[PDB]
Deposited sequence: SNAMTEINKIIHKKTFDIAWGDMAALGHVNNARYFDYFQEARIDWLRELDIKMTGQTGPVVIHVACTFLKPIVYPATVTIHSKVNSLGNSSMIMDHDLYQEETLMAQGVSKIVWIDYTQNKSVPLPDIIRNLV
């Protein structure tokens, strides 16, 4: 639903030779900001973030983050990021985003991302 291609930086690599896991969260966050900026987004805050590391990534690489929403509970949402190197899936991201200091019903430009 939202796609972002980009290249791994040589300095995103940690000493044992592949992307630091923490940079995966820099990647998912940029992807989230990008998408929200397209949508022209009282605000969200990330309450939770997680990654599952399937395959380690090496320089050089071109990768693509397929972002999608998967549940809206009013005032809350869950958002998935899938990180592909070529057709291979290298990691799964998942963020819980809330709207706000108290809970405001979900914007209506995302209710509509369905």
Self-check item: Deposited positions without coordinates, collected into consecutive stretches in sequence order
Solution: 1-10, 52-56, 116-119
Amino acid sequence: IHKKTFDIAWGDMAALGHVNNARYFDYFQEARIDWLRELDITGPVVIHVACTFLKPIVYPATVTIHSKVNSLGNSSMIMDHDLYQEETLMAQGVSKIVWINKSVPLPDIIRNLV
From here on, numbers count along this sequence of modelled residues.
Self-check item: Entry-level comparison of average CA B-factors, 21-29 and 102-110, reporting the higher stretch
Solution: 102-110
Self-check item: Between the two ranges 66-74 and 44-52, the one averaging a larger CA B factor in the entry
Solution: 66-74
Practice problem: Identify, among 91, 9, 16, 94, the residue whose C-alpha carries the highest B-factor in the deposited PDB entry. | Solution: 16
Quiz item: Which of these, 39, 58, 83, 79, has its C-alpha atom at the highest B-factor, as the entry lists it?
Solution: 39
